[PDB]
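No hydrogens, no waters, no symmetry mates; every other heavy atom, side chains included, goes into these values. Reminder, nothing fancy here: chain letters follow the sequence lines and each chain counts from 1.
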4 protein chains.
Amino acid sequence: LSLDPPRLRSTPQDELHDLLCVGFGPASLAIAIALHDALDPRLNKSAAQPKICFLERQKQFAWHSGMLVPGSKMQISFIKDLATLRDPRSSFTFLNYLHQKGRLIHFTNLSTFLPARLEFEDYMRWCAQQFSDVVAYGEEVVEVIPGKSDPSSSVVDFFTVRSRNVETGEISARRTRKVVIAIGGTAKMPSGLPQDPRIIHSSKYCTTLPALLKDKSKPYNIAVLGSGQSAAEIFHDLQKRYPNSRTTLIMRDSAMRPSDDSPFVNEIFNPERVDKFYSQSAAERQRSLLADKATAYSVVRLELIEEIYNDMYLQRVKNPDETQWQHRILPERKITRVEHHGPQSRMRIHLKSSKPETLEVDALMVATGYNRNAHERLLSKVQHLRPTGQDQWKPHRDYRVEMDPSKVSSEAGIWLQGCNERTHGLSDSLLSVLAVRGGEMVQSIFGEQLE
Amino acid sequence: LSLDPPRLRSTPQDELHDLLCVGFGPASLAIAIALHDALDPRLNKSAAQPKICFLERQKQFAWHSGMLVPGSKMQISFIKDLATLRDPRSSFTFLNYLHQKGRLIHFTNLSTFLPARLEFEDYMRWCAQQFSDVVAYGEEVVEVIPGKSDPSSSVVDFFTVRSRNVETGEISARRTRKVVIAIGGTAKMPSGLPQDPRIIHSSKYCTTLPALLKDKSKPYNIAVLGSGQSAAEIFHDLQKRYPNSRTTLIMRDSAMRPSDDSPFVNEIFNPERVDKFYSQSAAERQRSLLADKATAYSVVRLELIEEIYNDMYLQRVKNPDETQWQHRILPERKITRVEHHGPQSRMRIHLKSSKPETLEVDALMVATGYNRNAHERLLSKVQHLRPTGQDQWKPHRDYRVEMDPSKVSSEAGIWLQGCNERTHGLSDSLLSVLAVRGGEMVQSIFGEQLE
Amino acid sequence: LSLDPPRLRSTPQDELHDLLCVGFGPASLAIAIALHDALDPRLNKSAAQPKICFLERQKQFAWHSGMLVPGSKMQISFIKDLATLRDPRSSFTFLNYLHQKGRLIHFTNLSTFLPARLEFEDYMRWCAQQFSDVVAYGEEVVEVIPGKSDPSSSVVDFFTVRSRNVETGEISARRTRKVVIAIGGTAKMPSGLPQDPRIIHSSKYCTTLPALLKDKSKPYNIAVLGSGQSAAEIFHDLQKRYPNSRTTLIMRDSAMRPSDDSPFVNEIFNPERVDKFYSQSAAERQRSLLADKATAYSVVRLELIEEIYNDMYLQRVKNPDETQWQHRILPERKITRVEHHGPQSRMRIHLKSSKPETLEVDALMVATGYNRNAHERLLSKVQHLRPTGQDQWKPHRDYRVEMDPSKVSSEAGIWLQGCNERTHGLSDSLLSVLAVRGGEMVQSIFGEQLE
Amino acid sequence: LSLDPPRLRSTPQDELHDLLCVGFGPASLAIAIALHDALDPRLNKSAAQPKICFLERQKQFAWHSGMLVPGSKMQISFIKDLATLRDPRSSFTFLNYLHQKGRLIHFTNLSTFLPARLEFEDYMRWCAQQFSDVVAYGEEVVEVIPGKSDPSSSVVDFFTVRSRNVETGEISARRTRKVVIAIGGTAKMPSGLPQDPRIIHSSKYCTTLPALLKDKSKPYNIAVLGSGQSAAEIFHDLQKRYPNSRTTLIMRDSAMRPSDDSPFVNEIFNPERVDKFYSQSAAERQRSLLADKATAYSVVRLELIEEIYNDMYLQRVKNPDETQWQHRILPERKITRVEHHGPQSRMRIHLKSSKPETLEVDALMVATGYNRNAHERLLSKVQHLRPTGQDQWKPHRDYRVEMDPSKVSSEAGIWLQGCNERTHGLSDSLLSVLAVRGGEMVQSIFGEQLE
Ligand SMILES: Cc1cc2nc3c(=O)[nH]c(=O)nc-3n(C[C@H](O)[C@H](O)[C@H](O)COP(=O)(O)OP(=O)(O)OC[C@H]3O[C@@H](n4cnc5c(N)ncnc54)[C@H](O)[C@@H]3O)c2cc1C
Ligand SMILES: Cc1cc2nc3c(=O)[nH]c(=O)nc-3n(C[C@H](O)[C@H](O)[C@H](O)COP(=O)(O)OP(=O)(O)OC[C@H]3O[C@@H](n4cnc5c(N)ncnc54)[C@H](O)[C@@H]3O)c2cc1C
Ligand SMILES: Cc1cc2nc3c(=O)[nH]c(=O)nc-3n(C[C@H](O)[C@H](O)[C@H](O)COP(=O)(O)OP(=O)(O)OC[C@H]3O[C@@H](n4cnc5c(N)ncnc54)[C@H](O)[C@@H]3O)c2cc1C
Ligand SMILES: Cc1cc2nc3c(=O)[nH]c(=O)nc-3n(C[C@H](O)[C@H](O)[C@H](O)COP(=O)(O)OP(=O)(O)OC[C@H]3O[C@@H](n4cnc5c(N)ncnc54)[C@H](O)[C@@H]3O)c2cc1C
Ligand SMILES: NCCC[C@H](N)C(=O)O
Ligand SMILES: NCCC[C@H](N)C(=O)O
Ligand SMILES: NCCC[C@H](N)C(=O)O
């Protein structure tokens, strides 16, 4: 329909970069997009291109591909794509992507605000490919190291970012004034579960479970631990994927509970509300996160809850005896022990009540969420630049971490993205404010240059 | 279509009754209905009629008539009427009521499980009228007094129930072996608000607000305190009822939140789950009530939340300046003081944040819920019959309160209904289990007689 | 929960029956149920049992088992079950069935008026089994023959009904004063299609297609002709059932169109509207059937249309080239020729526009509806009893066919059920008015006896 | 948020224009917008401005303001605004309008594709105001007259457009090579109804009914003739607007029927389908319009049908006697005579069945649709330029009417918009394809200039 906008120019890796971004998921992608738009005279009247590079450990752009369950839907309006809430005229809107694919009229006839996760990933992939010249894939960042252009001074004014090539194992280094860490989360596992190849986090569902359970027709016993959106999607999907299997949903809560996207509550995810949340005290922020927990954690989309309920009711129609059901839910349970050294294909899972019985399974899917602390390890050698006494990174409103002013130049800095819920609200790890935040980040990072 | 079933026979008030029920709301009505069905040879094979009387302070049957807001809907499936979950063959089902009115086919074409509150009240009224011979209306019960058929013994074996005729003020007494107290709740007011005729509880909305604000066209300022279903219904309704008024919703929470009727959670209201809840410890029961709070308290029907949100959005369309809106919501506020002695028509309401500004209004609707402690006052003179040391009534699973066995005959007793959430679960004060509980109560109370 | 009501007594087959019913599908079942209720003193105050028998060719009760597609839903509110609109107190209501199965509370939490076809069939099966003593299964009726108790007179006053035992092939005869023919429809095939085992009517989908296509993993090509509810259900289901197959929906219309159950239109299915429809002239009845055609024929449930549309859109997401899609719709087409004598597994289907290209397929499902003329063949030897000149059976309002009064006794007669759309409206072949019609039929047939 | 794009320059009215557009409703507005975008180097790489003027008879931009009923909703996805389907990057998209108003995030939380008609009008108004320099309001075009730059030749190469200033009555003339007529429809009245100020077309509902019925509290009798979307909206609205009135919906059909926007059917409104429709024969086009009639004419939005049905059911709850209802529907009726010369405030409306009774009313709203023939009158003096024998204007695919090539220069022409259903399909008079058609029109009209 139209031509794609001009590509960003790559930078030789031996040159000092203006910005180096760790990760090229949605959060980094939104920053690339906002930078493109900011450098677009059509979009910004005022609009040399900044020297920028993105390091991504995956071999190409992918969005949670381990959980790309068939049928899985976005839990957010497509209007909250990577550009529209910042500038609906952007070439990087979902609607413009659809138009470019010749699909916009057909999507309109769906009357849905919620694309398949598959389609939304391809949207983001389609955006991502327009930045290929400035993204280095298959590069896993392993550390950020402070640098001094004047080694005999006591002022840091750049950082060296070292990454391991995931194919060759070789170590590269790139130097930059500013670093963004946007690396999402790491799998959270209950500390009571032993390491076993049959015990698999939800994040590796689509990738590593079919490797373990190769025959989709075989009568497997498969359990799912958890009662959030991932637990539900996996529990529901196993029933299609392995149709002769016996599945068990194990949860410490009494029920799957619906996610709250009711319109007054949902305004906590508005981009303008980040100022409001950020400015509250630590205590009020903690109470606020708790009060709105049903919008984000340990909750399932009502539609999916209802579909699973109907499936269970259909089992009840066929057999009033719940102990005989092919697919069962076991609420208010916790796993107290996992026998997993026996000769059998199966582990023995021992269960008790979760208030203050055994299953034998071929695999246990563990849908217990994510931690967002992995940036700490990347930043270990830059900790000493923090103000005296700090043992945590303190991100400012504009997401730049606080550093000792007498140790670090004002031209140099490190920003965090996607790990700042404590300071910036429940929207921080989601897609909800990426469009606007990208804009804010470009302004924060490239502000002098673009003025 | 069919004839109504045989009426129950009245009892002369000077005779010793088998059962005397205080209140003829839904809970008592469900007991009348279950008794009728139990005495129906068509419904119960095994089926002299028990001597029974109901005392109701209203002049005729009415169901929360002060909150019969136009458009107001049931928040419960009609299948949970006063008989169906006990016996769908009962003549007292909602569907059979519709058939009797010649309306069943038209209701079917609505495709709704949720009747207007108006229609459901008329259903219950239609049931209630079939018990007119055994209900004494306009009788307000004021005390229950222990009696001894042998005054020189130390055993109580009946109770005298005294009521005040609401029209004549005259005091009547009726004697009975067994008493049921089913009197619902009393208005809960925040203790910080002064008594004023302009400050009116939600329960008296339809009755006493139009008496105060007589001219529906006048530009009143009207506030609503609270963020539950009643606050919402009243806030929304005032906008139709007084179209030129300026309304303000004052709430200490940050948002109206949706009621949870998602299907797995909603099973806590199943009749069979009362056994389960009752048998849990006090501590587990407390934690359970807390965990499922969003099913019952401080929550609004999503549909109503969404309609109010749309109304506010339409105001935003007309004027981006929220300070100028005719109808406004003020979240995270508490009332710190109410000036109400000035010469003006209006009170001055002083507001502060509810985290750890003034309105001038013609009336303040206070939608802050109910207490369920009024039975305590009726039972003051029977307290001494409790086991030594008890300062609260302890209802058994079958809702009969515990009494000292050496002080009270096994043929005599007092049952509580609708005030037992602490011991019987969130369904206790609702319509949810009335059909089944009525059956259980008839069995508990009339069990010997019906065997 | 309760006990089942008393069984009806069987009749020795050599005795003259009061009523003999051909078929024990829903329509006959509704008559059995209404008769039971009419003989129930609990339900009818006024209430020797009539001598009745039902002849059904299937070996046991089954409801369209060839189209019991997984997930398939009722297209009618459960309130229009086989008794409720006549008498909601009946033991044969859907809700009472649920209660008897201990499932009523769980069904309530579905919040649906539309059961799975599987569940509704089991409801009807559960009803049907209560009449086992008076139903002879595996009996295919082949003719109805006039009888004269006085052979030398010219008055017919009974009929002999002869049936072929489907297992033994043996012929039985039973004599009766009154006959009901309630045998539903026969498969309508386009006259241009040749007989071939690979060409299968929708009615035999679940039974005879898996016999033909034994391996569910094989890449079959399967076509579906038609664009009604059956075509849609089969088209959608093949995609799950044979996941590697290539399916093609062939339709002469341009689109699947949604069924109209909007509430004002839907009142044509009200039981009371049959009087209104019946009394209109032939011309007005014809125009009326045409005007409301979108309620009944060549239409699909919006929900199913939307799901199929989403599946096609998902194919579009993966591949913009519709010619490469696994599952395709070909609108405005007609089949002009079917090569089916070649050596290949597959038939060659030749297509042209349907306005005034070839597929090779392993099977063609033909979803082109039903005829309702099979009663004509059963009644061939009784035609001469019609009034002079009639070449069609003329059913009165009460569904008794017109006969020459001087040739047939007033105590003898034949009623038609389910084939009377022309005279009684679009509800005649559906479940919509079975409850009320059953009552009317019992009154019409057994009226003298029950007075 | 961003600045508005550059304004188009006005043209002195004594200059020969490139394009003169009659009407500035949605269709003309979409052409203005597409022209702006085509001249935008940001949107079109290749991008002297054409000399253009729009003549609109209203004093300012308004969209069907006589039917801007409170609550009225768009019946089309906002994605089908005036630019998005052509170019989602356009500054004239609905989403960009929302962003400019600071409302985009709040609209997102509505989760609706269907704005209030009020909001969508303000969207279009907001677009329209950006073309104020080239629109002359209060100008009613009365004729288009052929011109010859060489009067002694036989070739027309311009047209003079004459308009009457609606305030001063003065006549202006403007000359142009090309003319677009985009003037929408004129009120269709049944020819059997007499002229009376109490008989008012739906198009003048919000403007001229409250002038007639000044007191909203008065017990008026008001009838509505028709059963389409307008009849329904007016019938429903009168009940709020005049709460003590008795309203009557008079319709020749038996029921309000729902509009078909089911997704396969709805593809007839796709912009790409205009090529397909246009190329079909006259006969096939006629049959096609008939087949899809339920998408466009004599149909009501299911949601509105359902709301009206619920209102009627609520009347039934209060009173089983339909003859006493405040608001009544009278189906299958036609008006045979209107007494309207009597002394009373009210007309007497005589009714009969519509198959092949009197009301006395204060006003009759006539909701019987529109004609689209008014361009004929404007073009009367240019008819002779058509090819010999034509008595109708024949619009080409690109909407330019056919003219004799030897009588009219190739640089001169007349285009029709919004009146071409017969040749271009059911989307022609709607908003459905305005975005794309605007683009096509700009290309058709300004094609040489923009190359
Ligand atoms: C199954 C699932 C469904 C979800 N659905 C939604 C939804 O519908 N709507 C919504 O708003 N949110 C949703 N989320 C939330 C999700 O967090 C955000 O949508 C989004 O993924 C966050 O973007 P991100 O860039 O911050 O993190 P990520 O998406 O995790 O991307 C971070 C990137 O950094 C790479 N990376 C990590 N470490 C390194 C390293 N050391 N070196 C180099 N590269 C590295 C990773 O490969 C990854 O690509 C969902 C999450 C999950 C798990
Ligand atoms: C606005 C509102 C809407 C509601 N909607 C629902 C719903 O949709 N679904 C649901 O399940 N629940 C609903 N509820 C909950 C409600 O508590 C129950 O539906 C029902 O009213 C409880 O019945 P009850 O008999 O226990 O109490 P009540 O309904 O309050 O009846 C008690 C009766 O006792 C009488 N009484 C009180 N004191 C005396 C006395 N001293 N002497 C004599 N008579 C006395 C009273 O006049 C009253 O009639 C709603 C409550 C409110 C306030
Ligand atoms: C797939 C499908 C789905 C449908 N879904 C609905 C719905 O959701 N709601 C609705 O209202 N309607 C629905 N219908 C319409 C259907 O016609 C009625 O629901 C119902 O089946 C009609 O009952 P019936 O007894 O008249 O005919 P049938 O159901 O066809 O029963 C007639 C019986 O007579 C037996 N029989 C036939 N010939 C003989 C013979 N010579 N001798 C002895 N026995 C014989 C047959 O075995 C059969 O059991 C559906 C139809 C189909 C095909
Ligand atoms: C109540 C109502 C609701 C509708 N809702 C929708 C909807 O939700 N979605 C949809 O797709 N369609 C809808 N429509 C269809 C409607 O036709 C189109 O939306 C749109 O109005 C068509 O634009 P138009 O410019 O062709 O005609 P119009 O909107 O009628 O505009 C034509 C303009 O020309 C002016 N004009 C007329 N004659 C002259 C003259 N001689 N000289 C100068 N100016 C003149 C008129 O003042 C008018 O402004 C609706 C129609 C009505 C009546
Ligand atoms: N899990 C995603 C939550 C997104 C949030 N409801 C929003 O509207 O932004
Ligand atoms: N507020 C009424 C709650 C009723 C409960 N959801 C139930 O289904 O019983
Ligand atoms: N009445 C408006 C019809 C619009 C059409 N359904 C469309 O989607 O374009």
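Atoms CZ and CD1, on D/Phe264 and C/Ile308 in that order, are 6.5 Å from each other to the nearest 0.5 Å.
Qualifying side chain to side chain contact (heavy atoms under 4.5 Å, CB included) partners for D/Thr108, counting only residues two or more places apart in sequence or in other chains: A/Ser77, A/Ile79, A/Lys80, D/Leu104. Every side-chain hydrogen bond (donor to acceptor under 3.5 Å, both in side chains) that D/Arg328 has, sequence neighbours left out, goes to D/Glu322.
The side-chain heavy atoms of D/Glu306 and C/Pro263, taken from C-beta on, include a pair separated by under 4.5 Å. For the pair D/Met256/C/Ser262, no side-chain contact is recorded, criterion being any heavy-atom separation below 4.5 Å from C-beta on. Counting only heavy atoms from C-beta outward, the side chains of D/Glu267 and C/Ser254 never approach each other to under 4.5 Å.
Of the residues D/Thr295, D/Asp260, D/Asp292, the one that meets the side chain to side chain donor-acceptor pair (under 3.5 Å) test with C/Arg257 is D/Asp292.
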